[PDB]
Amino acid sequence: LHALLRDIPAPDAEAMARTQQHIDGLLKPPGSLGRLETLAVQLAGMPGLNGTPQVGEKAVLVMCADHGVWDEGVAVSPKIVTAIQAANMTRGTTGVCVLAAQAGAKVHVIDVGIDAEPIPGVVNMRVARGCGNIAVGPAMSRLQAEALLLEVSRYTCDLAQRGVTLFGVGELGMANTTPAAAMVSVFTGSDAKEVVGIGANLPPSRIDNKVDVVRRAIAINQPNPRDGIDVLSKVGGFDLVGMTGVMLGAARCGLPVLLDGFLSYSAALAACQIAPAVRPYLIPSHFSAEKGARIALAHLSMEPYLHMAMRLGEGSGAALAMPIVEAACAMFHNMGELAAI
């Protein structure tokens, strides 16, 4: 794991300089394509991309897991919805599925801890049947967190061997906005009230309880903010850990990862805490409608491209942004040159 982390490559400044120059020579006023130009340059510096902005195969990895904290009344969806939706993922009827197909991306459903019988068709990496209830203790052990990080990391880089060049992260887990809020609070130093949202339509009444639960989790566990693994293990969840693992894996692999919404931001904070070298590989997608979104993003210093007021999760926003990544590549490779004004 420390090996893994040690080997995350730095971005290729040489390739980025060449990219910048090329972009500057295209048939348009310099810098006129704004963020599309920056994105192209960013991609060029990613070693797994072979010195140029390009997109081969695309994959969205959905990490599914249950949380003991559901027992605290923090989620309106019944627990079984995780298991149900995960099965649905195999039939292509969910929101991510539909958006991924539209982007020509393949969806990988990964069970890292659903509290139900295994689902055929789903990738099995289950830690346990739901994680511990963070309101009364840790979600899992450090060992457990590290093992999963490792396993997902590897799974991720292996896909690279198969032509995938662009990943998207997603999750599925009733009550997951709760641990996500706790992590955000911890990493950013914000008070719980500021980052706790309505999740999947939690009634406004029910909010207070959610806030208290978050505070409780933190007080009880005393997660160390300087230790991303410590935080994940104490007040995170298997799904969150899994997302962090995709990020570490893609970075080690020298490839880009598209973030999704709120849950993904929490995982990104942990990943960057654990390995700052991860940062350059992350690409924001959309601006989640979850309350703590702004705070979370400010800490990652990211400005999403899409303002859609989305709050579904599943990696749906990631899929929706894929065409943008492809657009930056198209611009780079297909535009004519000034020299030929």
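Note that residue numbering follows the sequence shown and begins at 1.
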Unresolved deposited residues in the interval that joins residue 340 and residue 341: 1 to 3
Given 291-299 and 35-43, the range whose Cα B-factors average higher in the PDB entry: 291-299
Per the entry, higher mean C-alpha B factor between 197-205 and 128-136: 197-205
Candidate set 331, 319, 17, 325 [ranked by C-alpha B-factor, highest]: 17
Of the residues 237, 78, 254, 173, the one carrying the largest Cα B-factor as recorded: 78
Residue 178, C-alpha B-factor rank within chain (lowest, middle or highest third): lowest
Position of residue 335 among the chain's modelled residues by C-alpha B-factor, lowest, middle or highest third: lowest
Third of the chain's Cα B-factor distribution that residue 187 belongs to, per the entry: highest
Entry-reported Cα temperature factor of residue 93, expressed as the chain third it lands in: highest
Chain thirds of CA B-factor: placement of residue 71: highest
